Amino acid sequence: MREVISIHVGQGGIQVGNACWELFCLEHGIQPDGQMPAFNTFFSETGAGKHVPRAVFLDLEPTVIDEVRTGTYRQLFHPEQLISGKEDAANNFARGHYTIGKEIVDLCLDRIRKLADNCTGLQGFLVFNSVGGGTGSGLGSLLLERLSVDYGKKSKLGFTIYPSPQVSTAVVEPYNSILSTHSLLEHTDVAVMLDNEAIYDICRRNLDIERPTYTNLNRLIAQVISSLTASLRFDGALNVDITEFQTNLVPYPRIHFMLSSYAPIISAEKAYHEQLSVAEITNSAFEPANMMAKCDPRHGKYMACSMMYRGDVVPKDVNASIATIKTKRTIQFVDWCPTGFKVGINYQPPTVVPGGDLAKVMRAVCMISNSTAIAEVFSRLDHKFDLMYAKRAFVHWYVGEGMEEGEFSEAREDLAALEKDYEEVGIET
Amino acid sequence: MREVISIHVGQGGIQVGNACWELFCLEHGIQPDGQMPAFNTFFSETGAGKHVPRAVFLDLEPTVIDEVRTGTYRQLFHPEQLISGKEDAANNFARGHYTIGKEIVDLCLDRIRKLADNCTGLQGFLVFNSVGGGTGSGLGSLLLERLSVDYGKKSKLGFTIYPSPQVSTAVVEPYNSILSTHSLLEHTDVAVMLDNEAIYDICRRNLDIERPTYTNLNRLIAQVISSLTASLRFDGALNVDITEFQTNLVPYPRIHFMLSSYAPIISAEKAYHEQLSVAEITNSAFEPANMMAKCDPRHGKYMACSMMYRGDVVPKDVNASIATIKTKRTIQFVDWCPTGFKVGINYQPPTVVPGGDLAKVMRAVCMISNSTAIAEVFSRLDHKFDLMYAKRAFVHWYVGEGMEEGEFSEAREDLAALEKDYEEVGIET
Amino acid sequence: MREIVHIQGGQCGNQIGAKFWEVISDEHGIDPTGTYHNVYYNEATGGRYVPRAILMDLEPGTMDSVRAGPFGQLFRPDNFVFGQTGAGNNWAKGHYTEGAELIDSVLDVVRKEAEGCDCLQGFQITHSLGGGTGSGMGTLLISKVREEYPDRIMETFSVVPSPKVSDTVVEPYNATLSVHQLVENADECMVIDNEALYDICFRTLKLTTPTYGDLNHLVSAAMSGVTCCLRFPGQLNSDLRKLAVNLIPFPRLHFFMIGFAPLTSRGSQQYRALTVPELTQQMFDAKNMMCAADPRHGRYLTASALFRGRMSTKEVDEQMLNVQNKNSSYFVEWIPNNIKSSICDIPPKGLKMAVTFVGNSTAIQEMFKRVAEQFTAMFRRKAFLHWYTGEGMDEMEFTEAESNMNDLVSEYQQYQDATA
Amino acid sequence: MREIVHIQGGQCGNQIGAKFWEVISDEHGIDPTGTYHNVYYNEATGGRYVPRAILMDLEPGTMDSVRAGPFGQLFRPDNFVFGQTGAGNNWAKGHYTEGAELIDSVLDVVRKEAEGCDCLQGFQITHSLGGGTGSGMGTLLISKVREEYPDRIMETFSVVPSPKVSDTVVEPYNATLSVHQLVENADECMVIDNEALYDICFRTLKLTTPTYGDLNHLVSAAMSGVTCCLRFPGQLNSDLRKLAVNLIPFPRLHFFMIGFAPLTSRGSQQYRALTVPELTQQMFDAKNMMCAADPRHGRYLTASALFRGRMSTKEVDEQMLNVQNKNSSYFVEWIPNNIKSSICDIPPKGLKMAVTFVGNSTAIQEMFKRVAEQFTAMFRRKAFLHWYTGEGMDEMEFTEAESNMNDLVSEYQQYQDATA
Amino acid sequence: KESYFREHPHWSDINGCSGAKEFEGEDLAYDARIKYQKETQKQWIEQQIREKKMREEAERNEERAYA
Ligand SMILES: Nc1nc2c(ncn2[C@@H]2O[C@H](COP(=O)(O)OP(=O)(O)OP(=O)(O)O)[C@@H](O)[C@H]2O)c(=O)[nH]1
Ligand SMILES: Nc1nc2c(ncn2[C@@H]2O[C@H](COP(=O)(O)OP(=O)(O)OP(=O)(O)O)[C@@H](O)[C@H]2O)c(=O)[nH]1
Ligand SMILES: Nc1nc2c(ncn2[C@@H]2O[C@H](COP(=O)(O)OP(=O)(O)O)[C@@H](O)[C@H]2O)c(=O)[nH]1
Ligand SMILES: Nc1nc2c(ncn2[C@@H]2O[C@H](COP(=O)(O)OP(=O)(O)O)[C@@H](O)[C@H]2O)c(=O)[nH]1
Ligand SMILES: [Mg+2]
Ligand SMILES: [Mg+2]
């Protein structure tokens with residue numbers, strides 16, 4: 001009587017979801033071919049022996065969907081959930097949201113309707129995507145629109161891979177990323193800002209690897225999401241549903257852009273020479289060095305923090321360490337929210353994916369913080385945007401596809417308002 | 001004490017009947033040899049070993065009858081129940097309704113009279129004729145009138161194949177179909193409208209068969225008709241009668257044009273991934289894609305849906321699944337029918353035919369719906385007729401067989417009467 | 001002395017009666033051959049015991065139903081009066097065209113089986129209200145026997161169609177066609193729905209897959225219970241007419257509600273007790289009654305409670321007075337001691353006590369209102385009418401039929417507001 | 001005779017109720033199979049005992065919390081009224097939107113378990129004031145029952161939001177929105193705070209790994225001791241209403257403090273000795289209680305001391321007088337002999353004497369400020385307010401509630417330092 | 001027709017009781033029933049796939065012959 005739909009769109013979303021299903025099918029004893037030698041949340045019974053995951057993979061470039069169909073988990077999924085287009089997205093917006101996305105949106109909605117009726121105790125969605133891409137934003141925006149006007153009450157969990165400050169894999173990413181804010185506010189409830197450069201540095205310093213890759217990226221993201229959903233899936237002294245976030249992390253439904261953090265991210269040899277108690281782990285959690293987004297909260301405040309401690313952890317130690325961390329001077333809360341740390345506990349440790357660089361740990365803490373510093377990120381991005389739209393760069397590739405250009409400034413207007421709203425909640429009253 | 005007569009006139013209905021008797025003999029254990037190594041509804045006994053099926057196979061073109069008169073099943077039928085002519089109707093009406101029919105329909109009447117006096121509790125007729133050919137149209141009309149004035153009281157159910165929306169195997173389809181509408185309204189109490197492009201798309205997306213053929217479509221139609229007559233043939237925890245079909249589905253003497261659907265039409269591979277419960281099957285039995293007439297149920301408004309099940313079923317499952325169905329908002333009914341879902345159960349699962357792309361599965365549903373969307377279909381066909389009649393095209397081919405010209409306009413207004421009715425009843429109070 | 005004839009009708013009523021004779025042969029201990037192992041059965045040459053009942057229907061297929069299940073070996077093959085064509089789920093079909101043929105034979109065989117009794121108290125019928133054969137032929141037969149046997153009473157165990165769970169589509173028409181006549185010539189329409197039965201099966205017993213046989217078993221239990229203080233000794237005996245007097249206060253406030261106790265699951269039977277306190281608390285429960293009409297949303301004009309077993313009459317009648325005085329709001333006030341108890345010195349098999357509860361309540365009015373609604377729609381559009389016209393019946397009846405329905409519920413409603 | 005029912009709501013309340021039934025079975029000597037090895041338990045066929053308890057919650061997971069734990073087989077499945085969603089820390093869910101879907105059934109089953117008794121001494125609840133499920137459902141249920149039985153009493157062993165160590169963020173909203181009612185329709189709202197429980201478990205027992213099980217064990221033992229002067233004989237017996245008369249001067253100062261004795265670690269248990277002087281000196285201290293309001297920062301309007309075991313009543317009463325005369329300032333003067341005593345004649349299991357202290361003191365007012373103060377800093381900006389605003393609330397419902405809270409605490413002041 | 005004849009699968013023998021103790025609810029084996037049913041359907045699908053593979057391979061054989 002518990003379940004979540006895991007919609008994966010775009011390109012980064014689908015690879016992150018591939019690694020996520022790897023981790024899930026692993027920790028539940030499920031074999032990658034589907035059979036089995038606590039899972040009603042993600043995987044469901046398929047009326048013939050094995051189990052199938054609650055997921056749908058939309059994409060237009062058939063390469064990644066083909067790689068999934070010919071990879072290891074070919075027998076895992078349902079040959080309908082893998083919706084493959086006919087061409088590429090070309091890293092623009094109207095070609096995934098106005099002209100072509102209308103070919104696949106209706107089929108996707110029928111498949112999502114099927115998945116919804118095949119479930120009873122729905123609790124939410126989990127969309128993974130980038131926005132610097134062409135279909136991860138466009139088709140994602142259209143899907144968010146159709147769902148918000150179709151289902152309603154069920155809260156969506158966006159996991160968007162934004163553009164990092166310096167590392168760049170596209171030149172037009174600010175344009176289509178701004179083109180997604182006009183629909184991220186309205187239709188989406190929770191948005192976990194994830195960058196890349198921060199996670200690259202994380203893999204560099206802690207995991208000691210000097211040749212990291214997108215696969216390790218996705219492994220870490222999968223770990224974070226599994227630690228997020230452990231409360232639904234498993235035991236725990238203080239369980240926390242997915243309807244707890246809305247009551248604990250959303251002051252006003254127009255400012256809901258959270259950022260993640262995870263611990264302990266340690267290699268093999270760097271755990272031997274340590275202690276790694278709960279106190280040290282909850283100090284390391286808040287360190288902006290190993291935060292999973294590009295932001296320095298020292299130049300911001302914290303509205304709320306949902307911490308989920310999985311593994312053998314006693315509650316009194318959590319309470320004491322929370323008191324200490326809140327008593328520190330350099331980590332300051334807002335005045336209008338004095339009791340900010342929500343905490344939950346699960347009695348299951350991490351389950352390391354085979355072949356990973358991490359180490360088995362008896363404990364782990366996953367923090368999701370609704371903060372006010374993330375706002376500057378948006379501001380920074382606008383900067384980039386302006387320095388292009390001041391000279392009408394690449395506007396032709398969007399106007400060629402019915403996209404009324406007058407939306408652009410509107411977005412850069414609307415997103416701009418967001419900054420003001422943050423400057424409305426940073427007011428020390 | 002009860003049985004059905006099935007007529008297969010034309011070249012379409014006769015192929016459908018070939019596949020249909022194939023499936024029937026297969027399910028009742030009757031080997032093609034007649035001698036076998038609940039069936040009184042279909043087959044009678046010629047006093048020794050071989051069970052003769054109740055049917056007449058009429059066609060003026062003796063090609064397909066010679067396919068069966070010497071094919072694999074010639075041992076089965078009665079050599080008098082295979083009536084063949086020496087020419088064709090050449091797709092025009094009067095030559096199969098005025099000149100050549102005059103000789104053959106009398107012999108057909110005598111043979112049907114004999115089959116009637118042979119059987120005791122005859123309950124209904126089942127004509128099998130496309131309206132595309134001059135045979136199935138003209139012969140169909142003449143035989144229908146002859147029976148409606150000979151027998152009368154008995155119901156009639158024509159599994160008639162119309163011309164598809166866009167594809168066709170004859171260019172004079174709109175003519176020799178409109179002239180049969182007059183016959184179909186008065187004498188043919190009900191009409192189970194079937195098309196081809198719908199079953200084409202079903203085969204192209206559900207059963208993964210990329211290059212379908214007429215034999216696949218015919219096997220599927222045979223399965224549908226077996227599902228229809230299940231309750232009469234076989235055991236049943238909760239049965240329905242072929243008279244009960246009519247009053248549960250004929251709200252007015254001039255709106256009785258019913259479409260159909262069947263589930264689960266799923267290949268071997270995809271069946272490995274399906275909930276298979278009653279919920280999902282009676283959910284997919286409502287999607288537009290698998291409606292065996294290419295219409296848009298999302299647009300019209302249903303009036304009355306009958307549902308013949310088969311395979312192990314708990315009635316409370318049907319009740320709860322129908323609750324979920326009526327809970328779906330996008331589907332809507334007329335005011336004068338708050339109870340539109342008639343059910344019926346039987347305890348014989350589907351039967352497999354060697355070479356049939358249908359995966360063996362216990363549960364199965366077959367829905368037949370009297371709805372008001374079907375009107376658009378008629379209107380659609382009307383358009384074709386317009387762009388011909390303005391130029392009197394092909395008309396001399398009709399006047400050259402004793403058919404007055406004005407009949408075209410009269411049948412046109414006759415079908416405009418239906419386009420008036422089926423969009424007059426679906427109106428609020 | 002004190003016999004009962006049990007007419008059937010429609011495949012619904014036929015299955016219900018089959019299961020009822022199941023439960024009766026179980027209680028009296030008769031194996032399916034009719035050997036011992038007058039109120040219900042008749043002696044038969046050689047020592048056999050053949051049940052007294054007449055089975056009527058129009059789809060001869062249903063015959064193979066009762067001939068199939070155990071205890072089907074009982075009915076004499078001469079009572080199986082059937083037809084050929086079938087019901088066709090139509091009222092006028094089975095009541096004006098086909099009914100008008102076999103009804104005479106049914107009357108003659110009923111006359112043959114009736115005078116075989118000496119003191120016949122009453123009848124009881126088993127049928128639906130919309131099912132063609134059941135509804136139509138049953139209301140016609142009731143008309144005939146109530147114009148023939150005025151002294152006796154016409155008990156009727158009609159299974160009402162509750163439009164929440166759907167099986168047919170033109171049910172409201174035949175439901176009204178049966179109600180208009182059963183209010184006119186039948187004294188006890190002890191209606192029963194399927195919604196409440198499936199509910200009692202889902203929760204009170206935690207049953208997962210309730211098939212029609214199970215619900216028929218539960219109704220068979222209630223039907224056996226409704227007359228236990230008659231064929232068995234008891235400290236305060238009852239009959240079919242003490243029911244008739246203690247319950248109906250008017251010519252046409254004679255529509256009822258049913259209940260049985262105690263019904264428990266397996267995992268629950270280890271945690272409770274079996275005493276008249278808890279049996280009573282379970283009896284008045286809304287979720288423990290087989291009529292889809294919330295009792296709390298109305299009142300009780302009166303009620304009878306037949307206990308079976310053995311217990312001090314004091315605790316019984318004192319707890320009756322107590323459960324009346326507590327909820328005196330949901331009991332009518334212009335009737336003193338509206339409840340009535342009765343005790344039988346022998347319970348059914350297995351258990352020790354058993355509460356069969358009957359209630360003439362002003363709440364089951366709702367169970368008709370809904371039908372009215374359907375009619376008021378499907379009649380102004382005159383939908384599905386061309387069948388009910390060219391077969392013997394004309395529209396006229398329909399109109400006036402609905403009229404009476406209003407009056408009926410109207411009367412009930414006024415006593416829900418009659419205070420004095 | 002003088003029975004009590006056990007309503008439990010929310011995760012905290014349900015877990016504490018499990019631990020409390022474990023302790024009660026430990027005392028009365030009932031193994032988990034519910035056999036001996038009428039005030040609380042109830043009989044069932046085969047000499048089985050089922051506790052007169054009732055479990056409710058919005059998330060079904062807590063079932064695998066109460067049935068899995070030891071002694072979890074005593075309850076009855078019919079007493080588990082479990083929804084499917086979980087109010088999700090949102091008060092309005094369990095009081096306006098989801099509450100009113102389970103309150104009907106839970107009221108039905110409370111009435112079932114209540115009418116089954118003869119002398120209903122009163123209800124006693126176990127829940128929290130921070131969690132949405134517990135707060136909302138419990139307060140709505142208290143509303144309905146004090147609208148139903150206005151003569152009996154409603155004790156609530158309801159915990160409060162932890163002063164310092166917070167684990168939720170929507171805490172003050174829930175606390176205020178439940179106090180606004182518990183001030184109105186409660187009689188003994190015994191309050192417990194996790195911070196003081198950790199203080200005890202870290203300073204009075206020198207423990208080193210307190211799990212919620214142990215806090216619940218402590219509070220449940222105190223719960224037992226509160227009313228264990230009723231189940232057993234007493235040189236001077238007592239019950240709930242004696243407390244209710246001797247402990248609330250004005251009809252709204254009914255929020256108590258709870259303390260237990262004796263409590264000892266390994267060492268002190270190996271060294272110290274249990275005598276009435278030591279128990280008294282250990283009881284009337286500051287950090288031997290379960291409320292983060294240092295009693296010296298206030299006074300005791302009144303305070304009862306329940307003793308258990310075989311002691312010398314003269315020693316008890318003389319030491320009551322002595323501790324009242326010694327710390328004369330910390331008590332209140334305009335109520336002479338403001339300390340009350342009571343003595344039972346049987347100690348707990350495995351002990352030879354024990355003490356339960358129940359003090360209606362004017363020191364808790366500080367608490368009803370700090371939490372309230374939190375509200376003032378979280379409502380001036382509508383922080384998280386749109387959630388409750390969306391489910392049907394109104395801003396007035398908040399503001400006046402806050403004022404009510406203020407009113408309440410001010411009352412203490414207004415009649416703490418008064419005299420004549 | 002022969003309505004009401006199976007109750008897939010049911011019709012126990014003479015044995016029974018008059019009250020309401022056992023109703024064959026859940027059949028006391030519903031779980032093993034579902035497990036065996038699922039195994040049977042998996043066997044069916046395996047056989048159908050094992051056949052369709054060969055029926056397809058026949059086409060490639062015909063294609064090689066035509067080339
Ligand atoms: N964290 C993470 N990010 C990825 C991954 N794969 C791609 N990305 C991001 O995807 C972004 C590139 O945009 P795409 O998503 O590929 O573009 P698109 O919308 O899918 O359109 P097309 O790829 O042209 O079909 C880059 O910024 C990547 O950071 C991955 O495996 N993990
Ligand atoms: N779905 C389906 N359609 C068929 C089949 N066989 C024929 N048809 C259709 O029959 C229609 C032509 O009408 P016919 O009556 O068969 O033509 P005809 O028999 O040659 O008419 P005449 O020779 O002039 O008497 C075409 O549209 C076919 O698609 C079949 O097996 N399955
Ligand atoms: N509770 C219960 N209801 C039944 C049973 N059998 C049929 N019914 C109802 O009978 C109704 C139809 O009446 P029916 O007797 O089948 O019409 P007939 O063709 O005239 O015999 C349907 O709505 C069924 O719900 C049964 O065994 N138990
Ligand atoms: N002393 C003690 N406090 C608890 C326990 N469990 C929860 N609490 C607290 O009770 C509050 C939540 O109350 P809860 O019963 O979960 O209601 P809900 O949140 O609406 O489901 C939180 O502040 C918990 O920390 C326990 O076992 N012992
Ligand atoms: Mg793309
Ligand atoms: Mg031809």
# chains A, B, ... in the order shown; residues from 1 in each chain; ligands from 1
>>> closest_atom_pairs(of="chain B", to="chain A", cutoff="8 Å", atoms="only C-alpha atoms", output="Markdown table")
| residue | atom | partner | partner_atom | distance |
| --- | --- | --- | --- | --- |
| B:270 | CA | A:79 | CA | 7.0 |
| B:272 | CA | A:48 | CA | 6.2 |
| B:273 | CA | A:46 | CA | 5.4 |
| B:274 | CA | A:46 | CA | 5.3 |
| B:275 | CA | A:46 | CA | 5.1 |
| B:276 | CA | A:47 | CA | 6.2 |
| B:279 | CA | A:118 | CA | 7.8 |
| B:280 | CA | A:118 | CA | 6.6 |
>>> residues_near_ligand(ligand="ligand 4", cutoff="6 Å", atoms="only C-alpha atoms and all ligand atoms", output="PDB file with N, CA and C atoms, in the first residue's frame")
ATOM      1  N   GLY D  10      -1.589   8.035  17.522  1.00  0.00           N
ATOM      2  CA  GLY D  10      -0.267   8.447  17.106  1.00  0.00           C
ATOM      3  C   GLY D  10       0.800   7.433  17.477  1.00  0.00           C
ATOM      4  N   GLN D  11       1.964   7.583  16.839  1.00  0.00           N
ATOM      5  CA  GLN D  11       3.055   6.637  17.045  1.00  0.00           C
ATOM      6  C   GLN D  11       3.539   6.623  18.490  1.00  0.00           C
ATOM      7  N   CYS D  12       3.800   7.796  19.068  1.00  0.00           N
ATOM      8  CA  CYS D  12       4.279   7.860  20.443  1.00  0.00           C
ATOM      9  C   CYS D  12       3.277   7.231  21.398  1.00  0.00           C
ATOM     10  N   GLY D  13       2.013   7.639  21.290  1.00  0.00           N
ATOM     11  CA  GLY D  13       0.995   7.085  22.162  1.00  0.00           C
ATOM     12  C   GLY D  13       0.859   5.583  22.022  1.00  0.00           C
ATOM     13  N   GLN D  15       3.154   3.353  20.948  1.00  0.00           N
ATOM     14  CA  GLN D  15       4.307   2.641  21.489  1.00  0.00           C
ATOM     15  C   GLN D  15       4.300   2.667  23.014  1.00  0.00           C
ATOM     16  N   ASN D  89       2.242  14.710  10.031  1.00  0.00           N
ATOM     17  CA  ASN D  89       2.676  15.829  10.862  1.00  0.00           C
ATOM     18  C   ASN D  89       1.810  17.066  10.659  1.00  0.00           C
ATOM     19  N   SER D 128       0.467  12.302  21.740  1.00  0.00           N
ATOM     20  CA  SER D 128       1.389  13.426  21.746  1.00  0.00           C
ATOM     21  C   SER D 128       0.681  14.704  21.315  1.00  0.00           C
ATOM     22  N   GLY D 130       2.640  17.055  19.463  1.00  0.00           N
ATOM     23  CA  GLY D 130       3.415  17.598  18.366  1.00  0.00           C
ATOM     24  C   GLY D 130       3.094  16.963  17.030  1.00  0.00           C
ATOM     25  N   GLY D 131       2.856  15.656  17.033  1.00  0.00           N
ATOM     26  CA  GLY D 131       2.566  14.957  15.792  1.00  0.00           C
ATOM     27  C   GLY D 131       1.153  15.246  15.322  1.00  0.00           C
ATOM     28  N   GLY D 132       0.988  15.389  14.008  1.00  0.00           N
ATOM     29  CA  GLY D 132      -0.325  15.701  13.464  1.00  0.00           C
ATOM     30  C   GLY D 132      -1.359  14.634  13.763  1.00  0.00           C
ATOM     31  N   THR D 133      -1.019  13.370  13.497  1.00  0.00           N
ATOM     32  CA  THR D 133      -1.960  12.275  13.717  1.00  0.00           C
ATOM     33  C   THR D 133      -2.448  12.260  15.157  1.00  0.00           C
ATOM     34  N   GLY D 134      -1.522  12.082  16.094  1.00  0.00           N
ATOM     35  CA  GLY D 134      -1.846  12.045  17.504  1.00  0.00           C
ATOM     36  C   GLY D 134      -2.621  13.262  17.952  1.00  0.00           C
ATOM     37  N   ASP D 167      12.604  17.728  17.205  1.00  0.00           N
ATOM     38  CA  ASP D 167      12.739  16.774  16.116  1.00  0.00           C
ATOM     39  C   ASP D 167      11.786  17.056  14.966  1.00  0.00           C
ATOM     40  N   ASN D 194      10.264  14.964  26.521  1.00  0.00           N
ATOM     41  CA  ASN D 194      11.397  14.084  26.260  1.00  0.00           C
ATOM     42  C   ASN D 194      12.684  14.607  26.880  1.00  0.00           C
ATOM     43  N   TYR D 212      13.911   4.862  22.729  1.00  0.00           N
ATOM     44  CA  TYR D 212      12.537   5.257  23.022  1.00  0.00           C
ATOM     45  C   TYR D 212      11.811   4.208  23.850  1.00  0.00           C
ATOM     46  N   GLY D 213      12.198   2.941  23.703  1.00  0.00           N
ATOM     47  CA  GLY D 213      11.634   1.901  24.546  1.00  0.00           C
ATOM     48  C   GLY D 213      11.811   2.181  26.027  1.00  0.00           C
ATOM     49  N   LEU D 215      12.437   5.231  27.652  1.00  0.00           N
ATOM     50  CA  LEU D 215      11.595   6.347  28.059  1.00  0.00           C
ATOM     51  C   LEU D 215      10.151   5.899  28.213  1.00  0.00           C
ATOM     52  N   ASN D 216       9.665   5.104  27.260  1.00  0.00           N
ATOM     53  CA  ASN D 216       8.298   4.615  27.348  1.00  0.00           C
ATOM     54  C   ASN D 216       8.119   3.698  28.547  1.00  0.00           C
TER      55      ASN D 216
END
>>> select_by_dssp(residues="segment 106-256 of chain C", states="helix (DSSP H, G or I)", output="PyMOL selection string")
chain C and resi 106-114+132-148+171-185+195-204+212-225+228-231+240-247
>>> residues_around(residues="residue 19 of chain E", least_positions_apart="6", cutoff="10 Å", atoms="only C-alpha atoms", output="list in words")
residues 23, 26, 27, 217, 218, 220, 221, 222, 224, 225, 262, 263, 347, 348, 349, 350, 351, 352 and 354 of chain C
>>> interface_residues(of="chain D", to="chain A", cutoff="10 Å", atoms="only C-alpha atoms", output="number ranges by chain")
D: 11-12, 59-62, 64-65, 84-90, 164-172, 195, 198, 208-213, 374-388
>>> residues_around(residues="residue 413 of chain D", least_positions_apart="4", cutoff="9 Å", atoms="only C-alpha atoms", output="list in words")
residues 362, 365, 409, 417 and 418 of chain D
>>> select_by_dssp(residues="segment 71-264 of chain B", states="strand (DSSP E)", output="JSON list (two decimals) with C-alpha atoms, in the first residue's frame")
[["chain", "number", "residue", "atom", "x", "y", "z"],
["B", 82, "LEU", "CA", -21.57, -24.55, -49.54],
["B", 83, "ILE", "CA", -23.40, -22.54, -52.20],
["B", 84, "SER", "CA", -21.32, -21.00, -54.99],
["B", 122, "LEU", "CA", -32.74, -21.47, -32.26],
["B", 123, "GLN", "CA", -32.04, -18.18, -30.51],
["B", 124, "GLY", "CA", -30.32, -15.89, -33.01],
["B", 125, "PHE", "CA", -28.69, -15.32, -36.36],
["B", 126, "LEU", "CA", -25.14, -14.18, -37.09],
["B", 127, "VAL", "CA", -24.55, -12.95, -40.62],
["B", 128, "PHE", "CA", -20.94, -12.45, -41.69],
["B", 155, "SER", "CA", -32.86, -11.35, -33.33],
["B", 156, "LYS", "CA", -30.04, -10.59, -35.76],
["B", 157, "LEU", "CA", -26.40, -9.61, -35.21],
["B", 158, "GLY", "CA", -24.28, -8.74, -38.23],
["B", 190, "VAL", "CA", -28.53, -4.80, -34.05],
["B", 191, "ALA", "CA", -25.20, -4.36, -35.83],
["B", 192, "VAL", "CA", -21.74, -5.06, -34.43],
["B", 257, "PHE", "CA", -25.11, 0.31, -33.84],
["B", 258, "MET", "CA", -22.71, -1.22, -31.33],
["B", 259, "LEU", "CA", -18.92, -1.49, -31.40],
["B", 260, "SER", "CA", -16.72, -4.02, -29.60],
["B", 261, "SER", "CA", -13.42, -4.59, -27.81],
["B", 262, "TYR", "CA", -11.49, -7.53, -26.40],
["B", 263, "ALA", "CA", -8.64, -8.11, -23.96]]
>>> residues_near_ligand(ligand="ligand 6", cutoff="8 Å", atoms="only C-alpha atoms and all ligand atoms", output="list in words")
residues 10, 11, 59, 60, 61, 88, 89, 90, 91, 133, 134 and 135 of chain B
>>> write_last_selection(atoms="C-alpha atoms", output="CSV table (one decimal), in the first residue's frame")
chain,number,residue,atom,x,y,z
B,10,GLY,CA,-19.5,-12.5,-49.3
B,11,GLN,CA,-15.7,-13.0,-49.4
B,59,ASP,CA,-20.5,-16.7,-52.3
B,60,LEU,CA,-21.0,-16.1,-56.0
B,61,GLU,CA,-17.3,-16.2,-56.6
B,88,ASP,CA,-19.1,-12.1,-59.2
B,89,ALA,CA,-21.1,-9.0,-58.2
B,90,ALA,CA,-18.2,-6.8,-59.5
B,91,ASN,CA,-18.7,-4.7,-56.3
B,133,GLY,CA,-18.3,-6.3,-52.1
B,134,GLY,CA,-21.4,-6.3,-54.2
B,135,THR,CA,-22.1,-9.8,-52.8
>>> residues_around(residues="residue 345 of chain D", least_positions_apart="2", cutoff="7 Å", atoms="only C-alpha atoms", output="ChimeraX atom specification")
/D:233-235,308-310,343,347
>>> residues_near_ligand(ligand="ligand 1", cutoff="8 Å", atoms="only C-alpha atoms and all ligand atoms", output="VMD selection string")
chain A and resid 9 to 16 59 to 61 87 to 92 129 to 138 161 to 163 168 to 170 173 194 to 196 214 to 215 217 to 218 221
